[PDB]
Amino acid sequence: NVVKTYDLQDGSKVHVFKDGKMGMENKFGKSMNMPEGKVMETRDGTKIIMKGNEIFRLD
Amino acid sequence: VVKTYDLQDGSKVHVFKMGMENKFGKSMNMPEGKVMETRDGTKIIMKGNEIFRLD
Ligand SMILES: [Cu+2]
Ligand SMILES: [Cu+2]
Ligand SMILES: [Cu+]
């Protein structure tokens, strides 16, 4: 049910699900609370930020 | 002006430096951390003087 996963530099992951929803886990894979309005760097060199329960990606 | 986002509320975002313009053409600061909808049916938000676009 995961359509996409952002692999973040600090070891955490954000899963985007088929249902529209979004989940985050730390480097150990335990669930995290998702920050809002906080820029997060991916391992493939992009930046994302979460807001209003949506993901925005650097332009 | 290198890039222009046309917004729903009638205003514009320019990247030249970055700034906004109301419907009347009056320039204004670029609102940080605030989501905005483009006439082309996408959403943007700016942070630390960078534009992020709905993924
Ligand atoms: Cu997982
Ligand atoms: Cu202009
Ligand atoms: Cu999130």
Side-chain angles (χ1 to χ4, degrees), chain A residues 1-17 19-20 22-29 31-40 42-56 58-59, chain B residues 1-5 7-16 18-22 25 27-38 40-55:
Chain A
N1 54 339
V2 171
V3 291
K4 192 172 185 181
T5 291
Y6 300 89
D7 174 7
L8 310 181
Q9 288 182 3
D10 75 354
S12 58
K13 312 282 189 311
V14 178
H15 294 298
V16 179
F17 301 108
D19 56 19
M22 179 177 339
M24 182 172 193
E25 70 183 55
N26 61 24
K27 68 181 78 178
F28 307 107
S31 290
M32 287 178 56
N33 293 297
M34 273 157 336
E36 180 169 274
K38 171 174 185 277
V39 180
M40 287 167 296
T42 59
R43 286 188 193 269
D44 72 351
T46 72
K47 298 182 173 178
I48 63 171
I49 191 176
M50 309 172 286
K51 175 98 185 203
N53 301 115
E54 303 184 275
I55 307 256
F56 295 77
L58 196 60
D59 221 9
Chain B
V1 179
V2 174
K3 177 78 166 96
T4 286
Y5 304 81
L7 307 185
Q8 289 269 45
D9 58 66
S11 68
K12 317 282 178 289
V13 175
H14 287 305
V15 201
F16 306 94
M18 169 180 306
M20 180 149 159
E21 276 172 12
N22 61 15
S27 40
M28 284 180 315
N29 68 301
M30 178 50 179
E32 160 162 326
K34 163 184 176 174
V35 174
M36 293 160 291
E37 184 172 352
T38 59
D40 62 84
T42 57
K43 302 184 212 297
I44 56 180
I45 186 180
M46 178 273 262
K47 175 81 185 233
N49 286 347
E50 279 175 321
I51 304 302
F52 293 78
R53 182 172 61 86
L54 183 75
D55 223 16

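Numbers restart at 1 for each chain; the letters A, B, ... are given by sequence-line order, proteins then strands.
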Smallest separation among heavy atoms of [X] and [Y], with atom names:
X	Y	value
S11(B)	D9(B)	OG-OD1, 2.6 Å
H14(B)	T4(B)	ND1-OG1, 2.6 Å
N53(A)	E36(A)	N-OE1, 4.2 Å

Can you tell which of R43(A), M24(A), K27(A) makes a side chain to side chain contact (heavy atoms under 4.5 Å, CB included) with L8(A)?
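Per the side chain to side chain contact (heavy atoms under 4.5 Å, CB included) rule, the option paired with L8(A) is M24(A), out of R43(A), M24(A), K27(A).
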Do [X] and [Y] touch side chain to side chain, with heavy atoms closer than 4.5 Å?
X	Y	answer
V3(A)	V16(A)	yes
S27(B)	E21(B)	yes
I51(B)	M30(B)	yes

My understanding is that only residues two or more places apart in sequence, or in another chain, count here; which of them pass side-chain hydrogen bond (donor to acceptor under 3.5 Å, both in side chains) with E50(B)?
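Applying side-chain hydrogen bond (donor to acceptor under 3.5 Å, both in side chains) to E50(B) gives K47(A).
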Got a donor-acceptor contact below 3.5 angstrom from the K12(B) side chain to the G10(B) backbone?
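Pair found, side chain donor or acceptor close to backbone of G10(B).
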Using modelled atom types only, decide if a donor and an acceptor are shared between the side chain of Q9(A) and the backbone of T42(A) within a distance under 3.5 Å.
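The answer is yes, because a donor-acceptor pair under 3.5 Å joins these two groups.
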[X] side, atom [atom1]; [Y] side, atom [atom2] - distance, nearest 0.5 Å:
X	Y	atom1	atom2	result
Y6(A)	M50(A)	OH	CE	11.0 Å
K34(B)	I45(B)	NZ	CD1	11.0 Å
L58(A)	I48(A)	CG	CD1	11.0 Å

With salt bridge (charged side-chain N to carboxylate O under 4.0 Å, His left out) as the test, would you mind laying out the steps for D59(A) and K3(B) before giving the verdict?
CA-CA 11 Å; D59(A) 221 9; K3(B) 177 78 166 96; 5.6 Å; no
